[PDB]
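Below is one structure; the comments refer to it alone.
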Amino acid sequence: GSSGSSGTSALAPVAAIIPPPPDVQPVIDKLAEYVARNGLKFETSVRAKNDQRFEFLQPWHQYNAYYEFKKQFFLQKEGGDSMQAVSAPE
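Counting along the sequence shown from 1, when you hit position 34 you're at 34 in the entry's author numbering, and nothing is skipped either side.
Structure representation (structure tokens):
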């Protein structure tokens, strides 16, 4: 093999989160809690698979928006630093 073909996506029209079906809801959450515990490094593996079951993870996909919400949930739920940003008014 080679591993490493077309590893870049373009800018697509995506905004706001959409409430997925009950068949995919539990399919996206299960992964969220998994990546929140294991680590973001896992997301890189699942993406490499690009399986029909793991399509919502894709950038173009709309469900991806929801996944981002879950990832943060389980994340902050078990941590989530603050990291203060340097002030710089006008």
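Beta carbons are placed, not taken as given, at the ideal position from N, Cα and C, and that holds for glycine.
Run the CB neighbour count on residue i, radius 10 Å, all protein chains shown included, and call it buried at 16 or more, exposed below.
i	result
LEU40	exposed
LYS71	buried
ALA36	buried
Look at the alpha carbon of residue i and the alpha carbon of residue j, and state the distance between them as a whole number of angstroms.
i	j	result
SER3	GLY79	34 angstroms
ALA10	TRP60	9 angstroms
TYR34	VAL27	11 angstroms
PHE54	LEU31	10 angstroms
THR8	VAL86	32 angstroms
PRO89	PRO22	45 angstroms
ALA65	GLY1	32 angstroms
Would you please state the rounded distance, in angstroms, between the beta carbons of residue i and residue j? I believe it to be under 8 angstroms.
i	j	result
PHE56	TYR63	3 angstroms
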